[PDB]
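Here is the structure we will look at, set down as structure tokens.
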Amino acid sequence: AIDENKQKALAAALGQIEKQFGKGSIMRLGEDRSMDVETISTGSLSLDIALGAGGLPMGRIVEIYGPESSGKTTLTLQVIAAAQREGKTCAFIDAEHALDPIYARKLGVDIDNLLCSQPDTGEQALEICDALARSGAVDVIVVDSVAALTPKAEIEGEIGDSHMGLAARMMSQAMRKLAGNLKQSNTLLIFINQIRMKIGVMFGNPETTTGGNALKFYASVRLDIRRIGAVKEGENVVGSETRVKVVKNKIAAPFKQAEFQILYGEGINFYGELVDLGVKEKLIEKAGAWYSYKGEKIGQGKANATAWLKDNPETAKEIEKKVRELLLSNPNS
Amino acid sequence: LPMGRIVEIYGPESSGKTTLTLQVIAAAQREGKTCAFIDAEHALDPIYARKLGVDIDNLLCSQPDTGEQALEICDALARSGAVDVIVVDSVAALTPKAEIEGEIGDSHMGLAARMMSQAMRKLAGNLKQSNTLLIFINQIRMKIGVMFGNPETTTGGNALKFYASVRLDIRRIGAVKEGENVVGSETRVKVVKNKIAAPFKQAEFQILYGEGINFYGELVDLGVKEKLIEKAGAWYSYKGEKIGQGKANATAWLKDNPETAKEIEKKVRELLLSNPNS
DNA sequence: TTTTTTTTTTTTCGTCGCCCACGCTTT
DNA sequence: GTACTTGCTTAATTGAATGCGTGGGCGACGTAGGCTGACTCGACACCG
DNA sequence: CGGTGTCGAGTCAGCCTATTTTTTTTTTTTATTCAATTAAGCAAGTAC
Ligand SMILES: Nc1ncnc2c1ncn2[C@@H]1O[C@H](COP(=O)(O)OP(=O)(O)OP(O)(O)=S)[C@@H](O)[C@H]1O
Ligand SMILES: Nc1ncnc2c1ncn2[C@@H]1O[C@H](COP(=O)(O)OP(=O)(O)OP(O)(O)=S)[C@@H](O)[C@H]1O
Ligand SMILES: [Mg+2]
Ligand SMILES: [Mg+2]
């Protein structure tokens with residue numbers, strides 16, 4: 001009697017809404033397959049575990065920030081490389097004007113299929129993101145530094161001229177327009193960002209990022225990448241020891257961190273991670289500085305152990321399959 | 001929260017604004033009420049909602065294209081008299097149609113403020129007649145060229161401040177750790193406007209990731225405050241019996257002694273909730 | 001029974017949006 | 001074996017890490033018309 | 001006989017057309033990690 005009139009008035013309003021605005025304009029959340037979270041590999045296996053869902057979410061915005069020469073571009077090109085290996089189309093908006101296409105090829109990016117723009121203004125760069133997002137043909141877009149997205153008024157102006165909150169305003173407007181378009185297209189958007197200092201502050205952290213407050217809110221994931229040491233062959237510095245902290249996560253629990261090696265010319269050391277993950281999950285035994293798999297001594301030191309797993313791709317397939325089985329927190333299906 | 005009214009929840013990024021609204025909807029669904037979620041931000045995970053105790057199969061969801069579409073679905077559902085709670089996730093993401101059709105860089109002076117002002121006029125009356133709660137979530141922005149005031153603002157202009165019957169300011173104030181593993185957030189809500197009762201009271205609670213609000217953690221702190229639980233440094237004791245060392249052990253005790261929990265809840269309600277139910 | 005003639009005068013506002021960036025030893 | 005004093009365990013509380021000092025703006029339309037420049041088009045004068 | 005350059009007519013996007021005011025406000029702010037330090041309960045050591 002009471003419950004019956006409500007069910008009818010609901011059905012009528014759902015009819016009236018779907019009439020006015022189109023068919024999927026309102027529905028029950030259990031029946032919406034568009035609203036399910038789908039991920040893409042980062043290249044790093046330690047980072048796929050730290051993110052909890054097994055990688056970066058499609059249809060969302062992601063921010064990567066950090067200090068100078070910390071691996072922000074290199075990480076972002078390993079995401080594209082792994083995406084192109086699954087027949088996805090990718091775009092690089094290079095606002096910093098500093099992409100070396102030979103390095104991209106050495107990291108395993110298919111140069112010949114990667115779309116690239118070196119745009120004149122910030123407004124031009126963000127209009128090309130909206131055009132590619134609406135198309136539904138591109139799967140991953142990267143925007144290298146938002147620090148470098150100069151508004152048109154600032155490019156036509158003189159050095160010294162004040163433009164109060166202009167880049168902030170442009171980013172606020174861009175997120176409003178993009179968020180919805182990226183979700184309909186199932187397109188991933190990765191913003192790279194530089195660090196700056198905030199002055200006349202209390203005792204917070206003095207580090208900021210460029211481009212205002214909008215992108216913090218709209219980002220589904222935020223990563224903070226840092227160089228924490230050197231990788232040496234005696235004298236020759238051959239790479240960087242790198243730490244990534246998940247500073248915001250809406251698809252799984254945050255404040256997990258990943259540690260891996262970037263080697264100059266190859267990129268992220270995949271077999272290096274697989275050792276450390278093998279040790280942690282008691283599939284590899286560490287006796288001081290001696291690594292042992294099923295009794296058989298694979299090597300002495302991490303480099304020799306890594307070199308062994310290179311030579312035995314059956315053993316490396318076996319351990320990868322096992323670690324994936326165990327340690328992934330939220331496997332989708 | 002008052003039925004037939006408008007509520008505003010604002011705060012910084014990942015402070016617990018969406019989590020809190022989903023625990024309201026979960027509670028309302030357990031009293032057989034119908035709820036709706038307008039997701040203008042395009043960032044709801046249905047599996048997280050289910051873990052917080054929402055019935056996913058009876059929760060109406062809209063991912064609207066424009067701000068005017070979003071606010072016309074709110075007006076349609078309000079007039080129906082069928083829906084009891086509506087949540088609109090970010091006001092900041094309610095983009096007007098001129099701005100969507102336009103180019104990036106185009107100025108639309110006071111367009112979103114005007115849209116919001118108009119919506120408040122049309123909604124206020126329809127919600128009261130239907131006895132429908134409307135919760136707006138808002139993001140923070142910064143004012144520039146200001147000395148008189150604090151520099152924090154909210155998006156969408158000045159209408160919503162005036163029409164809101166309750167305004168909540170939610171902030172993360174620390175971590176919850178199991179030694180090393182950060183397992184949750186320590187959270188503070190200030191009641192910044194209130195027409196239903198006296199304002200400026202605050203609430204402190206824990207959000208535990210994949211669980212939601214820590215009920216038993218609050219019940220410990222309220223016990224201590226109302227003298228029903230005895231605290232000695234870091235030692236919590238109910239009627240002599242040492243129920244644990246630290247807040248986490250005490251919380252784990254009240255989980256595995258559910259009769260004691262119901263007895264303490266009943267007394268805390270009797271004392272501090274001075275609006276007895278029908 | 002015969003046959004139409006010719007215009008007159010305004011009324012009222014509605015609404016914000018956005019940060020940006022260190023500088024420097026002292027014995 | 002039971003009663004009295006101290007060490008350690010685990011947790012939470014409060015202080016301190018600090019050093020002090022700021023100034024900059026610009027954008028429109030619900031609704032209108034006339035002028036100006038720069039753009040486009042298609043055909044003929046001239047040249048190969 | 002076709003291609004290049006020039007001529008004239010027609011059309012799209014931007015912009016410019018001109019007052020005020022007497023000259024205001026806030027009620028307070030945001031925030032963060034590491035260390036020293038302290039205090040009560042259980043177990044260890046001591047005493048009857
Ligand atoms: N073309 C290259 N060849 C060899 N090593 C490189 C090359 N480009 C970058 N690297 C190294 O890889 C590491 C990370 O470099 P990036 O990935 O460019 O860092 P980044 O975070 O983009 O910082 P920025 O761009 O300069 S603003 C650094 O140690 C670089 O020197
Ligand atoms: N799907 C999830 N799984 C586990 N934890 C989550 C998930 N979603 C959010 N959280 C955490 O719960 C806390 C509050 O998250 P939210 O309630 O989404 O915050 P918010 O106030 O909506 O701010 P925003 O939406 O990012 S603009 C944060 O520490 C989140 O990282
Ligand atoms: Mg770079
Ligand atoms: Mg939210």
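Following the order of the structure tokens, first chain is A, next is B, and so on, with residues numbered from 1 inside each chain and ligands from 1 in the order they appear.
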
Could you give me, as number ranges by chain, each residue of region 7-249 of chain B that DSSP assigns to alpha helix (DSSP H) when run on this structure's backbone?
B: 17-30, 46-51, 67-80, 97-101, 111-130, 159-163, 215-225, 247-249

Find the residues near ligand 2. Use a cut-off of 6 Å, count only C-alpha atoms (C1' of nucleotides) and all ligand atoms, and write them as an MDAnalysis selection string.
(chainID A and resid 217:218 248:254) or (chainID B and resid 13:19 48 209:210)

So which residues touch residue 66 (chain B) within 8 Å, counting only C-alpha atoms (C1' of nucleotides), skipping near sequence neighbours fewer than 2 positions away, as a ChimeraX atom specification?
/B:64,68-70,94-97,100

Using only C-alpha atoms (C1' of nucleotides), which protein or nucleic acid residues come within 9 Å of region 5-10 of chain A? Drop anything in the same chain fewer than 3 positions from it, and give the result as a PDB file with N, CA, C and O atoms, in the first residue's frame.
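That gives us out03.pdb:
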```
ATOM      1  N   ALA A   1       0.860  -1.238   0.000  1.00  0.00           N
ATOM      2  CA  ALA A   1       0.000   0.000   0.000  1.00  0.00           C
ATOM      3  C   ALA A   1       0.877   1.262   0.000  1.00  0.00           C
ATOM      4  O   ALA A   1       0.767   2.063  -0.954  1.00  0.00           O
ATOM      5  N   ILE A   2       1.714   1.419   1.034  1.00  0.00           N
ATOM      6  CA  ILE A   2       2.677   2.552   1.223  1.00  0.00           C
ATOM      7  C   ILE A   2       3.911   2.306   0.339  1.00  0.00           C
ATOM      8  O   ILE A   2       4.315   3.237  -0.388  1.00  0.00           O
ATOM      9  N   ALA A  13       9.860   8.302 -12.543  1.00  0.00           N
ATOM     10  CA  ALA A  13      10.972   9.289 -12.513  1.00  0.00           C
ATOM     11  C   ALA A  13      12.186   8.748 -13.283  1.00  0.00           C
ATOM     12  O   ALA A  13      12.788   9.514 -14.049  1.00  0.00           O
ATOM     13  N   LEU A  14      12.526   7.471 -13.083  1.00  0.00           N
ATOM     14  CA  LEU A  14      13.567   6.746 -13.867  1.00  0.00           C
ATOM     15  C   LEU A  14      13.192   6.698 -15.354  1.00  0.00           C
ATOM     16  O   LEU A  14      14.114   6.802 -16.183  1.00  0.00           O
ATOM     17  N   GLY A  15      11.904   6.536 -15.683  1.00  0.00           N
ATOM     18  CA  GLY A  15      11.394   6.661 -17.062  1.00  0.00           C
ATOM     19  C   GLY A  15      11.605   8.063 -17.616  1.00  0.00           C
ATOM     20  O   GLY A  15      12.172   8.179 -18.719  1.00  0.00           O
TER      21      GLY A  15
ATOM     22  N   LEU B  77      14.168  13.334  -9.037  1.00  0.00           N
ATOM     23  CA  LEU B  77      14.133  12.327  -7.937  1.00  0.00           C
ATOM     24  C   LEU B  77      13.472  12.911  -6.680  1.00  0.00           C
ATOM     25  O   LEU B  77      12.779  12.149  -5.984  1.00  0.00           O
ATOM     26  N   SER B  80       9.577  13.101  -7.147  1.00  0.00           N
ATOM     27  CA  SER B  80       9.015  11.721  -7.213  1.00  0.00           C
ATOM     28  C   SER B  80       8.428  11.302  -5.857  1.00  0.00           C
ATOM     29  O   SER B  80       7.400  10.617  -5.861  1.00  0.00           O
ATOM     30  N   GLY B  81       9.066  11.682  -4.749  1.00  0.00           N
ATOM     31  CA  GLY B  81       8.673  11.268  -3.385  1.00  0.00           C
ATOM     32  C   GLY B  81       9.073   9.831  -3.057  1.00  0.00           C
ATOM     33  O   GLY B  81       8.629   9.338  -2.003  1.00  0.00           O
ATOM     34  N   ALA B  82       9.921   9.208  -3.885  1.00  0.00           N
ATOM     35  CA  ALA B  82      10.372   7.798  -3.787  1.00  0.00           C
ATOM     36  C   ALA B  82      11.757   7.688  -3.134  1.00  0.00           C
ATOM     37  O   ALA B  82      11.966   6.749  -2.348  1.00  0.00           O
ATOM     38  N   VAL B  83      12.680   8.579  -3.499  1.00  0.00           N
ATOM     39  CA  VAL B  83      14.080   8.621  -2.981  1.00  0.00           C
ATOM     40  C   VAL B  83      14.099   9.423  -1.675  1.00  0.00           C
ATOM     41  O   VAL B  83      13.429  10.476  -1.622  1.00  0.00           O
TER      42      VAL B  83
END
```

May I have the residues within 8 Å of ligand 3, computed using only C-alpha atoms (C1' of nucleotides) and all ligand atoms, as a ChimeraX atom specification?
/A:69,71-74,96,98-99,144-145,192

10 Å contact set for residue 196 (chain B), only C-alpha atoms (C1' of nucleotides), chain neighbours under 6 positions out, as a ChimeraX atom specification:
/B:1-2,165-166

Using N, CA, C and O atoms, can you export the residues from the last selection as an mmCIF file, in the first residue's frame?
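Output below, filename out.cif:
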```
data_model
loop_
_atom_site.group_PDB
_atom_site.id
_atom_site.type_symbol
_atom_site.label_atom_id
_atom_site.label_comp_id
_atom_site.auth_asym_id
_atom_site.auth_seq_id
_atom_site.Cartn_x
_atom_site.Cartn_y
_atom_site.Cartn_z
ATOM 1 N N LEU B 1 21.553 13.852 10.684
ATOM 2 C CA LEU B 1 21.379 14.828 9.583
ATOM 3 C C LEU B 1 19.892 15.019 9.331
ATOM 4 O O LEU B 1 19.159 14.038 9.267
ATOM 5 N N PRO B 2 19.422 16.260 9.096
ATOM 6 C CA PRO B 2 17.983 16.511 8.985
ATOM 7 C C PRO B 2 17.370 16.139 7.628
ATOM 8 O O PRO B 2 17.847 16.606 6.631
ATOM 9 N N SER B 165 21.554 23.571 5.723
ATOM 10 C CA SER B 165 21.105 23.506 7.139
ATOM 11 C C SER B 165 22.241 23.001 8.028
ATOM 12 O O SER B 165 22.208 23.271 9.217
ATOM 13 N N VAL B 166 23.164 22.230 7.456
ATOM 14 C CA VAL B 166 24.389 21.723 8.126
ATOM 15 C C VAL B 166 25.552 21.860 7.148
ATOM 16 O O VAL B 166 25.369 21.552 5.974
#
```

Taking only C-alpha atoms (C1' of nucleotides) and all ligand atoms and a cut-off of 12 Å, can you tell me which residues surround ligand 4, written as a VMD selection string?
(chain A and resid 216 to 220 249 to 251) or (chain B and resid 9 to 22 37 to 45 87 to 93 136 to 139 170)

Compile the residues of chain B that lie within 7 Å of chain C, evaluated using only C-alpha atoms (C1' of nucleotides), and express the compilation as a PyMOL selection string.
chain B and resi 109-111+113-114+142-144+157

Go ahead and write the residues just picked, C-alpha atoms, as a short mmCIF file (atom, residue, chain, number, x, y, z; two decimals), in the first residue's frame.
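In the end it all went to result23.cif:
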```cif
data_model
loop_
_atom_site.label_atom_id
_atom_site.label_comp_id
_atom_site.auth_asym_id
_atom_site.auth_seq_id
_atom_site.Cartn_x
_atom_site.Cartn_y
_atom_site.Cartn_z
CA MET B 109 32.24 34.61 -15.58
CA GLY B 110 29.93 33.53 -12.69
CA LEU B 111 28.23 30.81 -14.82
CA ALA B 113 27.78 30.30 -9.37
CA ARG B 114 24.54 31.34 -11.20
CA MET B 142 42.55 29.16 -2.38
CA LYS B 143 41.67 32.90 -2.46
CA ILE B 144 44.39 35.36 -3.71
CA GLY B 157 29.77 30.52 -5.27
#
```

Please return as a PyMOL selection string the residues found within 10 Å of ligand 1, counting only C-alpha atoms (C1' of nucleotides) and all ligand atoms.
chain A and resi 64-77+96-104+106-107+144-145+147-148+192-195+225-227+230+237-242+262-268

Return as an mmCIF file with N, CA, C and O atoms (P, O5', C5', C4', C3', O3' and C1' of nucleotides), in the first residue's frame the residues belonging to chain E that are within 7 Å of chain B, counting only C-alpha atoms (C1' of nucleotides).
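Done, and the output landed in part_8.cif:
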```
data_model
loop_
_atom_site.group_PDB
_atom_site.id
_atom_site.type_symbol
_atom_site.label_atom_id
_atom_site.label_comp_id
_atom_site.auth_asym_id
_atom_site.auth_seq_id
_atom_site.Cartn_x
_atom_site.Cartn_y
_atom_site.Cartn_z
ATOM 1 P P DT E 25 33.555 47.162 5.969
ATOM 2 O "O5'" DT E 25 33.830 45.628 5.633
ATOM 3 C "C5'" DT E 25 32.807 44.794 5.039
ATOM 4 C "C4'" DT E 25 33.394 43.480 4.581
ATOM 5 C "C3'" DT E 25 33.934 42.589 5.703
ATOM 6 O "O3'" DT E 25 33.533 41.225 5.478
ATOM 7 C "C1'" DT E 25 35.639 42.980 4.126
ATOM 8 P P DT E 26 32.844 40.327 6.643
ATOM 9 O "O5'" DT E 26 33.945 39.206 6.935
ATOM 10 C "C5'" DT E 26 35.339 39.554 6.868
ATOM 11 C "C4'" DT E 26 36.256 38.497 7.439
ATOM 12 C "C3'" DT E 26 35.949 38.064 8.875
ATOM 13 O "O3'" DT E 26 35.079 36.913 8.958
ATOM 14 C "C1'" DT E 26 38.191 38.937 8.745
ATOM 15 P P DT E 28 36.273 33.446 15.730
ATOM 16 O "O5'" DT E 28 37.636 32.615 15.799
ATOM 17 C "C5'" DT E 28 38.941 33.220 15.608
ATOM 18 C "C4'" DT E 28 39.250 33.353 14.134
ATOM 19 C "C3'" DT E 28 40.223 32.339 13.532
ATOM 20 O "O3'" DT E 28 39.451 31.301 12.909
ATOM 21 C "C1'" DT E 28 40.394 34.540 12.558
ATOM 22 P P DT E 29 39.578 29.767 13.374
ATOM 23 O "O5'" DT E 29 40.847 29.246 12.563
ATOM 24 C "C5'" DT E 29 41.422 30.004 11.480
ATOM 25 C "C4'" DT E 29 42.323 29.126 10.647
ATOM 26 C "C3'" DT E 29 43.528 28.576 11.417
ATOM 27 O "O3'" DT E 29 43.859 27.234 11.046
ATOM 28 C "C1'" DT E 29 44.269 29.742 9.530
ATOM 29 P P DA E 39 55.233 10.828 35.350
ATOM 30 O "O5'" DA E 39 54.393 9.505 35.071
ATOM 31 C "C5'" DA E 39 53.152 9.545 34.341
ATOM 32 C "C4'" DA E 39 52.539 8.166 34.264
ATOM 33 C "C3'" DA E 39 52.621 7.345 35.554
ATOM 34 O "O3'" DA E 39 51.421 6.589 35.729
ATOM 35 C "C1'" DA E 39 53.648 6.151 33.814
ATOM 36 P P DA E 40 50.966 6.115 37.188
ATOM 37 O "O5'" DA E 40 50.307 4.691 36.908
ATOM 38 C "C5'" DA E 40 49.247 4.523 35.946
ATOM 39 C "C4'" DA E 40 49.239 3.110 35.412
ATOM 40 C "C3'" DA E 40 49.252 2.019 36.484
ATOM 41 O "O3'" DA E 40 48.382 0.961 36.073
ATOM 42 C "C1'" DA E 40 51.129 1.752 35.081
#
```

Who sits within 9 Å of residue 160 (chain B), only C-alpha atoms (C1' of nucleotides), same chain under 4 positions skipped, as an NGL selection string:
:B and (6-8 or 116-117 or 120 or 136 or 156 or 164)

Keeping only N, CA, C and O atoms, write those residues as an mmCIF file, in the first residue's frame.
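Result saved to result.cif:
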```
data_model
loop_
_atom_site.group_PDB
_atom_site.id
_atom_site.type_symbol
_atom_site.label_atom_id
_atom_site.label_comp_id
_atom_site.auth_asym_id
_atom_site.auth_seq_id
_atom_site.Cartn_x
_atom_site.Cartn_y
_atom_site.Cartn_z
ATOM 1 N N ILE B 6 19.224 20.450 2.982
ATOM 2 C CA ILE B 6 20.490 20.395 2.211
ATOM 3 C C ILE B 6 21.647 20.344 3.206
ATOM 4 O O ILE B 6 21.587 21.025 4.232
ATOM 5 N N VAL B 7 22.656 19.536 2.910
ATOM 6 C CA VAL B 7 23.895 19.392 3.727
ATOM 7 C C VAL B 7 25.089 19.616 2.805
ATOM 8 O O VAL B 7 24.986 19.286 1.635
ATOM 9 N N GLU B 8 26.140 20.242 3.312
ATOM 10 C CA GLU B 8 27.414 20.436 2.589
ATOM 11 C C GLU B 8 28.515 19.762 3.408
ATOM 12 O O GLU B 8 28.593 20.019 4.603
ATOM 13 N N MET B 116 24.235 27.252 -9.658
ATOM 14 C CA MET B 116 24.090 26.759 -8.268
ATOM 15 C C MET B 116 23.033 27.582 -7.533
ATOM 16 O O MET B 116 22.220 26.978 -6.864
ATOM 17 N N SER B 117 23.052 28.899 -7.684
ATOM 18 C CA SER B 117 22.077 29.855 -7.092
ATOM 19 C C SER B 117 20.661 29.495 -7.534
ATOM 20 O O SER B 117 19.775 29.424 -6.665
ATOM 21 N N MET B 120 19.440 25.926 -6.030
ATOM 22 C CA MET B 120 19.082 26.050 -4.590
ATOM 23 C C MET B 120 17.647 26.564 -4.424
ATOM 24 O O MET B 120 16.934 26.020 -3.570
ATOM 25 N N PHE B 136 25.558 17.651 -0.663
ATOM 26 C CA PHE B 136 26.584 18.142 -1.609
ATOM 27 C C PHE B 136 27.965 17.916 -1.007
ATOM 28 O O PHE B 136 28.181 18.306 0.132
ATOM 29 N N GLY B 156 31.729 26.931 -6.410
ATOM 30 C CA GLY B 156 30.312 27.041 -6.831
ATOM 31 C C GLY B 156 29.598 28.265 -6.273
ATOM 32 O O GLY B 156 28.352 28.292 -6.325
ATOM 33 N N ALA B 164 22.274 25.618 2.952
ATOM 34 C CA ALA B 164 22.692 24.450 3.758
ATOM 35 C C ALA B 164 22.151 24.618 5.173
ATOM 36 O O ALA B 164 22.245 25.722 5.706
#
```

Listing only residues of chain A within 7 Å of chain B, what is the closest atom pair and its distance in Å (to one decimal) for each, using only C-alpha atoms, sorted by chain and residue number ascending, as a Markdown table?
```
| residue | atom | partner | partner_atom | distance |
| --- | --- | --- | --- | --- |
| A:6 | CA | B:82 | CA | 4.7 |
| A:7 | CA | B:82 | CA | 6.9 |
| A:9 | CA | B:80 | CA | 5.4 |
| A:10 | CA | B:82 | CA | 5.3 |
| A:13 | CA | B:80 | CA | 6.2 |
| A:17 | CA | B:73 | CA | 6.6 |
| A:25 | CA | B:62 | CA | 5.8 |
| A:26 | CA | B:62 | CA | 4.5 |
| A:27 | CA | B:61 | CA | 5.4 |
| A:28 | CA | B:60 | CA | 4.4 |
| A:29 | CA | B:56 | CA | 5.4 |
| A:30 | CA | B:57 | CA | 4.7 |
| A:35 | CA | B:45 | CA | 6.8 |
| A:36 | CA | B:45 | CA | 6.8 |
| A:37 | CA | B:45 | CA | 6.9 |
| A:123 | CA | B:104 | CA | 6.1 |
| A:127 | CA | B:104 | CA | 6.4 |
| A:170 | CA | B:105 | CA | 6.5 |
| A:173 | CA | B:104 | CA | 6.8 |
| A:174 | CA | B:104 | CA | 6.5 |
| A:176 | CA | B:93 | CA | 5.5 |
| A:177 | CA | B:100 | CA | 6.1 |
| A:179 | CA | B:42 | CA | 6.7 |
| A:180 | CA | B:42 | CA | 6.3 |
| A:183 | CA | B:42 | CA | 6.8 |
| A:213 | CA | B:141 | CA | 6.5 |
| A:216 | CA | B:13 | CA | 6.5 |
| A:217 | CA | B:13 | CA | 5.2 |
| A:251 | CA | B:45 | CA | 6.9 |
| A:253 | CA | B:209 | CA | 6.0 |
| A:255 | CA | B:182 | CA | 6.7 |
```

Can those selected residues be exported to a file as a short mmCIF file (atom, residue, chain, number, x, y, z; two decimals), in the first residue's frame so that it contains N, CA, C and O atoms?
```cif
data_model
loop_
_atom_site.label_atom_id
_atom_site.label_comp_id
_atom_site.auth_asym_id
_atom_site.auth_seq_id
_atom_site.Cartn_x
_atom_site.Cartn_y
_atom_site.Cartn_z
N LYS A 6 5.43 4.22 -3.90
CA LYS A 6 6.85 4.66 -3.99
C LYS A 6 7.56 3.96 -5.17
O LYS A 6 8.22 4.68 -5.94
N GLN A 7 7.41 2.64 -5.29
CA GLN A 7 8.01 1.81 -6.38
C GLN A 7 7.54 2.30 -7.75
O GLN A 7 8.35 2.24 -8.71
N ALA A 9 6.20 5.59 -8.42
CA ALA A 9 6.72 6.98 -8.52
C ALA A 9 8.21 6.97 -8.88
O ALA A 9 8.62 7.88 -9.64
N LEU A 10 8.97 5.99 -8.38
CA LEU A 10 10.40 5.77 -8.71
C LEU A 10 10.53 5.38 -10.18
O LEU A 10 11.26 6.08 -10.91
N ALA A 13 9.86 8.30 -12.54
CA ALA A 13 10.97 9.29 -12.51
C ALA A 13 12.19 8.75 -13.28
O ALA A 13 12.79 9.51 -14.05
N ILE A 17 13.62 10.49 -16.57
CA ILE A 17 15.08 10.85 -16.60
C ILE A 17 15.69 10.25 -17.87
O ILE A 17 16.36 11.00 -18.61
N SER A 25 21.64 7.13 -18.31
CA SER A 25 21.73 8.41 -17.56
C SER A 25 21.54 8.15 -16.07
O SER A 25 22.10 8.94 -15.27
N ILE A 26 20.78 7.12 -15.70
CA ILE A 26 20.67 6.62 -14.30
C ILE A 26 20.44 5.11 -14.33
O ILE A 26 19.67 4.65 -15.19
N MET A 27 21.10 4.36 -13.44
CA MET A 27 20.84 2.92 -13.23
C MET A 27 21.35 2.48 -11.86
O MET A 27 22.00 3.29 -11.20
N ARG A 28 21.05 1.25 -11.46
CA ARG A 28 21.56 0.66 -10.20
C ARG A 28 23.05 0.36 -10.38
O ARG A 28 23.46 0.05 -11.51
N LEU A 29 23.82 0.47 -9.31
CA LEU A 29 25.30 0.48 -9.34
C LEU A 29 25.81 -0.94 -9.64
O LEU A 29 26.86 -1.06 -10.28
N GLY A 30 25.09 -1.96 -9.18
CA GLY A 30 25.40 -3.39 -9.40
C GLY A 30 25.30 -3.77 -10.87
O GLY A 30 25.99 -4.73 -11.25
N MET A 35 31.34 1.13 -14.65
CA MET A 35 31.79 1.64 -13.34
C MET A 35 32.81 0.69 -12.70
O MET A 35 33.31 1.03 -11.62
N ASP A 36 33.12 -0.46 -13.31
CA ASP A 36 34.15 -1.43 -12.82
C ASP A 36 35.55 -0.90 -13.14
O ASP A 36 35.71 -0.28 -14.21
N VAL A 37 36.51 -1.16 -12.24
CA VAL A 37 37.92 -0.68 -12.32
C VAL A 37 38.75 -1.71 -13.10
O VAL A 37 38.73 -2.88 -12.70
N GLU A 123 47.29 25.81 -23.11
CA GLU A 123 45.90 25.70 -23.63
C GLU A 123 45.86 24.78 -24.85
O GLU A 123 44.88 24.04 -24.96
N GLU A 127 43.95 21.12 -25.06
CA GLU A 127 42.94 20.94 -26.13
C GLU A 127 43.23 19.67 -26.94
O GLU A 127 42.26 19.06 -27.43
N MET A 170 43.52 27.59 -15.40
CA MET A 170 43.60 26.75 -16.63
C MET A 170 43.54 25.27 -16.27
O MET A 170 42.90 24.52 -17.02
N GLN A 173 39.91 24.38 -14.91
CA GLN A 173 39.01 24.28 -16.08
C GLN A 173 39.28 22.99 -16.85
O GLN A 173 38.31 22.41 -17.33
N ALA A 174 40.54 22.61 -17.00
CA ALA A 174 40.94 21.42 -17.79
C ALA A 174 40.43 20.14 -17.14
O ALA A 174 39.92 19.29 -17.88
N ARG A 176 37.83 19.68 -14.96
CA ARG A 176 36.35 19.69 -15.16
C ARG A 176 35.95 19.10 -16.52
O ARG A 176 34.97 18.29 -16.55
N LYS A 177 36.61 19.55 -17.59
CA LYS A 177 36.29 19.18 -18.99
C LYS A 177 36.79 17.77 -19.31
O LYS A 177 36.13 17.12 -20.12
N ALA A 179 37.84 14.95 -17.05
CA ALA A 179 37.40 13.86 -16.14
C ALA A 179 36.35 12.97 -16.82
O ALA A 179 36.57 11.74 -16.91
N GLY A 180 35.26 13.58 -17.27
CA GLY A 180 34.10 12.88 -17.87
C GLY A 180 34.45 12.25 -19.20
O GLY A 180 34.02 11.09 -19.42
N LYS A 183 36.56 9.05 -18.85
CA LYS A 183 35.79 7.91 -18.29
C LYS A 183 34.99 7.24 -19.41
O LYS A 183 34.98 6.00 -19.46
N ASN A 213 45.61 23.54 -7.04
CA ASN A 213 45.03 22.56 -6.10
C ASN A 213 44.09 21.58 -6.79
O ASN A 213 43.77 20.58 -6.15
N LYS A 216 45.36 17.55 -7.46
CA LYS A 216 45.33 16.73 -6.22
C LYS A 216 43.98 16.03 -6.08
O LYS A 216 43.96 14.88 -5.64
N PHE A 217 42.87 16.75 -6.31
CA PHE A 217 41.51 16.26 -6.01
C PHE A 217 41.08 15.31 -7.10
O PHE A 217 40.39 14.36 -6.76
N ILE A 251 41.65 3.44 -5.53
CA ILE A 251 41.24 2.09 -6.02
C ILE A 251 41.76 0.99 -5.09
O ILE A 251 41.45 -0.17 -5.37
N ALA A 253 44.15 0.65 -0.84
CA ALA A 253 44.72 1.35 0.33
C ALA A 253 45.99 2.08 -0.08
O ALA A 253 46.79 1.52 -0.81
N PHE A 255 49.71 4.61 0.87
CA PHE A 255 50.95 4.75 1.69
C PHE A 255 51.81 3.48 1.64
O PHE A 255 52.70 3.34 2.49
#
```

Would you mind listing, as number ranges by chain, all residues of chain E that have at least one atom within 10 Å of chain A, where only C-alpha atoms (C1' of nucleotides) are what counts?
E: 30-33

Could you give me, as a ChimeraX atom specification, the residues within 12 Å of residue 219 (chain B), counting only C-alpha atoms (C1' of nucleotides) and dropping anything in the same chain fewer than 2 positions from it?
/B:204-206,213-217,221-229,247,250-255,260-269

Interface, chain A side, toward chain D (10 Å; only C-alpha atoms (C1' of nucleotides)) as number ranges by chain:
A: 161-166, 199-200, 202-203

Point-to-point distance from CA of residue 117 (chain A) to CA of residue 149 (chain A), Å rounded to tenths
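Answer for the CA of residue 117 (chain A) to CA of residue 149 (chain A) separation: 12.8 Å.
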